[PDB]
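> so I pulled this structure from the PDB, and the sequence comes with it:
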Amino acid sequence: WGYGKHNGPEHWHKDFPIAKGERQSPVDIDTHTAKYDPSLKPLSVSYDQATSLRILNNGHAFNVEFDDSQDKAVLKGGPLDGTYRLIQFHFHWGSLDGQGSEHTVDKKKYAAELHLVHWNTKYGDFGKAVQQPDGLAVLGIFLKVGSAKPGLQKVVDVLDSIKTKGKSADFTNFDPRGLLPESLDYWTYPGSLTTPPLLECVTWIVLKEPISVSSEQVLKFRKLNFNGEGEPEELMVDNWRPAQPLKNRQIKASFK
Ligand SMILES: O=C1NC(=O)[C@@H](c2ccccc2)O1
Ligand SMILES: [Zn+2]
């Protein structure tokens, strides 16, 4: 599976029939239809003890991985019941600044989208959590192109060392707090992984406020390769799934 004409999102359902399921992601967020849910509890993003370990080009994106062997970096509150542990983050981005996000907002595409992936500790490990309807919480953050995000530059600067699929590099001491916007206002809905295996195990929490990154920062994302070393170069761009049918779901807002 990949993002090309012959193996991209329109093909995924043949190997992964849940691609046509009842709670697939991403979705378009219609901001006028989303309803404030006065009942949602405050959201709690607690990343002070986050322990990054490694960055990996997996052929689909690059993942910054964390040590999730203890409650260090956790997401709580909001729509969530219990505690969700950060395991990795990654991005989806475009070939041009006018596309790249997975979620859209009133059909607007952002230049990229950051996914901070967390698993519900009540299920013990990530592989068990993805088999549960409430196994994961993904915090999604839009990227627009404008001012540079200083907290992103350490990620940007290591990408030269993981250009191709299967390459990894040590990436300790990276603070994901530097990737968050000021506001934690969000939309939330029940959905899925946005790549195979497309499992319907995710509570999505999508922040309303984008972060700004510079054109130079995102241009370096676009120099990565989908291919492995020594193979014909295929730039890693447009690694996003388009919006999927909302079906029987409501998107809730944390704000008025
Ligand atoms: O929202 C998602 N972005 C992805 O790449 C996908 C996902 C796949 C596998 C593990 C964790 C997340 O689901
Ligand atoms: Zn993702």
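That came in fine, so what should we check first? Numbering: from 1, shown residues only. Ligands and ions are numbered 1, 2, ... in the order given.
> excluding sequence neighbours, find me the nearest residue to the residue in the stretch 101-250 of the chain that ligand 1 sits nearest to.
The nearest approach of the stretch 101-250 of the chain to ligand 1 comes at residue 193, 3.5 Å away (C-beta to the nearest ligand atom). Where C-beta positions appear, they are placed from N, C-alpha and C, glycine not excepted. Sequence neighbours aside, residue 199 is the residue nearest to residue 193 in space, at 5.2 Å (criterion: C-beta to C-beta, 6 or more residues apart in numbering).
> wait, the one you found sits on residue 130?
Yes - the criterion here is C-beta atoms under 8 Å, and residue 199 meets it with residue 130 at 5.1 Å.
> picking that back up, what about the residue of the stretch 101-250 of the chain closest to ligand 1, how many residues nearby?
21 (other C-beta atoms under 10 Å).
> for the residue lying farthest from the centre of the chain, helix, strand, or coil?
Distance to the chain centre peaks in the chain at residue 230, reaching 28.7 Å (criterion: C-alpha atoms, centre = their mean). Recorded secondary structure, residue 230: coil (DSSP: H, G, I helix; E, B strand; the rest coil).
> who touches both of residue 199 and residue 130?
Shared contacts of residue 199 and residue 130, defined by C-beta atoms under 8 Å, 6 or more residues apart in numbering, are found at residue 193.
> any idea how far residue 152 is from residue 47?
Here the criterion is C-beta to C-beta, to the nearest Å. By it, residue 47 lies 15 Å from residue 152.
> more crowded one of these two?
Just comparing residue 47 and residue 152: by other C-beta under 10 Å the higher neighbour count belongs to residue 152, 22 against 18.
> can you confirm that one is in a strand?
No - looking at residue 152 with three-state DSSP, it is helix, so not inside a strand.
> that one and residue 179 touch, don't they?
Yes - applying C-beta under 8 Å as the test, residue 152 and residue 179 come out as touching, 6.4 Å apart.
> how about the helices in this structure?
126-129, 153-158, 215-221 (DSSP state H).
> which residues of the stretch 1-150 of the chain fall in strands?
Remark: strands assigned in the stretch 1-150 of the chain by DSSP state E, counting those that start in this stretch are 28-29, 35-36, 43-46, 52-57, 62-66, 74-77, 84-93, 104-105, 112-120, 136-145.
> correction: the previous question concerned the stretch 151-256 of the chain.
Going by DSSP E, counting those that start in this stretch, the stretch 151-256 of the chain shows strands at 168-170, 186-191, 202-207, 211-213, 252-253.
> contacts for the last one, please.
This points to strand 252-253. 34, 35, 36, 37, 40, 79, 185, 186, 187, 188, 189.
> the first one against residue 186, yeah?
So that's residue 34. No - Residue 34 is beyond contact range of residue 186, at 10.3 Å (criterion: C-beta under 8 Å).
> thinking again about what came up before, export the helices of the chain as JSON lines, with columns for distance to residue 103 and mean neighbour count.
Listed next are the helices of the chain as JSON lines, based on distance: least, C-beta to C-beta, whole Å; neighbours: other C-beta atoms under 10 Å:
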{"stretch": "helix 126-129", "distance to residue 103": "22", "mean neighbour count": "16"}
{"stretch": "helix 153-158", "distance to residue 103": "21", "mean neighbour count": "17"}
{"stretch": "helix 215-221", "distance to residue 103": "17", "mean neighbour count": "17"}
